[PDB]
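Asks: I am attaching a structure below and will ask some questions about it afterwards.
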Amino acid sequence: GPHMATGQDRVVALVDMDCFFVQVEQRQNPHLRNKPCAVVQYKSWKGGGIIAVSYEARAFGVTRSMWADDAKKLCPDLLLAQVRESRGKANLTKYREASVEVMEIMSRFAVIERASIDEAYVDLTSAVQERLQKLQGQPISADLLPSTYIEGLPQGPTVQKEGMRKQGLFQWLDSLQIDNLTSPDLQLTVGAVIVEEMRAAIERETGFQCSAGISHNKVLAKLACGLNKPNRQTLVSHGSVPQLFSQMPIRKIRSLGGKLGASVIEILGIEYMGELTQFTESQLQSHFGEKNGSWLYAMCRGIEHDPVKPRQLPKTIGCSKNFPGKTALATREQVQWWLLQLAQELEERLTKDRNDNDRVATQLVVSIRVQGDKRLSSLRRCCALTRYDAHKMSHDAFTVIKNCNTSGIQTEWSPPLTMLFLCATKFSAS
DNA sequence: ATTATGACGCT
DNA sequence: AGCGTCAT
Ligand SMILES: Nc1nc2c(ncn2[C@H]2C[C@H](O)[C@@H](COP(=O)(O)OP(=O)(O)OP(=O)(O)O)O2)c(=O)[nH]1
Ligand SMILES: [Mn+2]
Ligand SMILES: [Mn+2]
């Protein structure tokens, strides 16, 4: 009733770049533009592993985690760009720098939370109030929302996708009450106007296209963003949630795509997000824990409180390489050489970070995996990071891991190492 | 022999 | 602190 909070207090957007690494390579090399193309890491094994795919190539069934040789069977004309290799490993610097370009543009409009290399949440509540006071009760023209979809519309009473988009937008705009500056639907609409401007700025100033979601919280904004890709944005209103969730598989909601979501499905005997509404908060807490249970109870009603954190920079800076099958490291010289390669990349990135961002990392985390273990990490150990010196960090990493060598011969390494990882953490202002 | 990360929760 | 989960 009057006291039942509805989670409509904020306007939150999620901006995610379309096929990011592909767009970075297409900007650099115009010959790849408007083509089926993909970005690969390495080349000798099955043509390299695909990590990003243009929408033209997706039409042929090309996906991430596919080997390039197999993708070429689906799409013989597929074009490929390779990630840079430095010190024997993949180097993602080009894409991190392109990410900074986009993040700095978004930060002009509002404080952002960097959620990944290619996506950020935006809290637009205050910008929306400002724009509403500027509008002075003026209604919002469809011309201000030229790439916006309104989820759930059109409804009720022609055969083109753009025509349906405009039909839905006109239904939405016709139903709007522009007199009330507190109306959540109006606030979301103004938020979408701002996100159109943000996305136009990103494309004008970088050449990159993106999609976006606009809703009242982070989970709904992320889900909305996915509904109309590429190069479009989607408004998910509070009122759209019952219908949207009534056929939404639980795994589509961020954080429910793994073991927890599978357990929701199995324990409760349901398939769709909306079915969660029939359980009490205590029932959900009893199965999934106090925190998850409260989160699910609110989330299946469209309500989530997780704040957009003011954080534009990554919290950690890390370097990792797998050594699969026969390439696994089985000598001490090998382990030391590769720890040095990783540490040299880490030193480069840390020194640039300190110059750009006025901070220093203080803890070095070393992670390995040994032959046989299905786990991502077989062991993690931390030590002090007191100097941005690659030889020092590699010697310290070796010191903290060397007790894993069960070979009585110190020259051999047994079992062989199938992963090395170095991560700088615990930043302090400098 | 998908690979390279990065965030956050649990105990 | 070290380990697991989830994102992709
Ligand atoms: N190294 C590495 N990079 C990855 C991996 N998965 C994704 N990436 C990179 C390449 C992607 O372009 C970028 C952003 O990922 P997204 O999930 O947002 O997909 P992408 O932007 O490629 O396409 P989309 O957002 O669906 O239009 O992250 C991976 O497993 N390893
Ligand atoms: Mn993306
Ligand atoms: Mn993304």
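Chain identifiers are assigned as A, B, and so on, following the order in which chains appear in the structure tokens; residues are numbered from 1 within each chain, and ligands are numbered from 1 in order of appearance.
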Near chain A, meaning an atom within 10 Å, which residues of chain B appear when counting only C-alpha atoms (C1' of nucleotides)? Write them as a list in words.

Replies: residues 1, 2, 3, 4, 5, 6 and 7 of chain B

Asks: Return as a list in words every polymer residue, whether protein, DNA or RNA, with at least one atom no more than 6 Å from an atom of ligand 3; count only C-alpha atoms (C1' of nucleotides) and all ligand atoms.

Replies: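 After applying the 6 Å limit, what remains is residues 16, 118 and 119 of chain A.
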
Asks: Any idea what the distance is between CA of residue 37 in chain A and CA of residue 22 in chain A?

Replies: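 Distance reported for this atom pair: 7.2 Å.
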
Asks: Using only C-alpha atoms (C1' of nucleotides), determine which residues lie at most 12 Å from residue 1 in chain C, disregarding the query and same-chain residues fewer than 3 positions distant; provide the list as a list in words.

Replies: residues 365, 380, 381, 382 and 383 of chain A; 11 of chain B

Asks: Just the selected residues (N, CA and C atoms (P, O5', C5', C4', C3', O3' and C1' of nucleotides)), exported as a CSV table (one decimal), in the first residue's frame, please.

Replies:
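Result file follows (part-v3.csv):
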```
chain,number,residue,atom,x,y,z
A,365,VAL,N,49.8,-10.2,-5.1
A,365,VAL,CA,49.2,-11.5,-4.9
A,365,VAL,C,49.7,-12.4,-6.1
A,380,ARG,N,47.0,-19.3,-3.8
A,380,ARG,CA,47.2,-17.9,-3.8
A,380,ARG,C,48.0,-17.5,-2.5
A,381,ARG,N,49.0,-16.7,-2.7
A,381,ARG,CA,49.8,-16.2,-1.6
A,381,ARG,C,50.1,-14.7,-1.8
A,382,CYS,N,50.0,-13.9,-0.8
A,382,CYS,CA,50.3,-12.5,-0.9
A,382,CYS,C,51.7,-12.2,-0.2
A,383,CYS,N,52.3,-11.1,-0.7
A,383,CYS,CA,53.5,-10.6,-0.1
A,383,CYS,C,53.5,-9.1,-0.3
B,11,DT,P,30.2,-18.8,5.2
B,11,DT,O5',31.7,-18.9,5.9
B,11,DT,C5',32.5,-20.0,5.5
B,11,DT,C4',33.9,-19.8,6.2
B,11,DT,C3',33.8,-19.5,7.7
B,11,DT,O3',34.8,-20.3,8.4
B,11,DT,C1',35.1,-17.9,6.7
```

Asks: Counting only C-alpha atoms (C1' of nucleotides), what is within 12 Å of residue 10 in chain B, bar same-chain residues fewer than 2 positions away, as JSON, numbers by chain?

Replies: {"A": [289], "B": [8], "C": [2, 3, 4, 5]}

Asks: Mind giving me the straight-line distance from CA of residue 103 in chain A to CA of residue 201 in chain A in Å, one decimal?

Replies: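 Interatomic distance, CA of residue 103 in chain A to CA of residue 201 in chain A: 11.5 Å.
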
Asks: Quote the spacing between atom 12 (O, counted along the ligand's line) of ligand 1 and CA of residue 17 in chain A in Å to one decimal place.

Replies: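 Spanning atom 12 (O, counted along the ligand's line) of ligand 1 to CA of residue 17 in chain A is a straight-line distance of 7.8 Å.
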
Asks: Need to verify the contact set: residue 184 in chain A, 9 Å, only C-alpha atoms (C1' of nucleotides), exclusion of same-chain residues closer than 2 positions in sequence. Can you return it as a PyMOL selection string?

Replies: chain A and resi 8-11+181-182+186-189+216+237-238
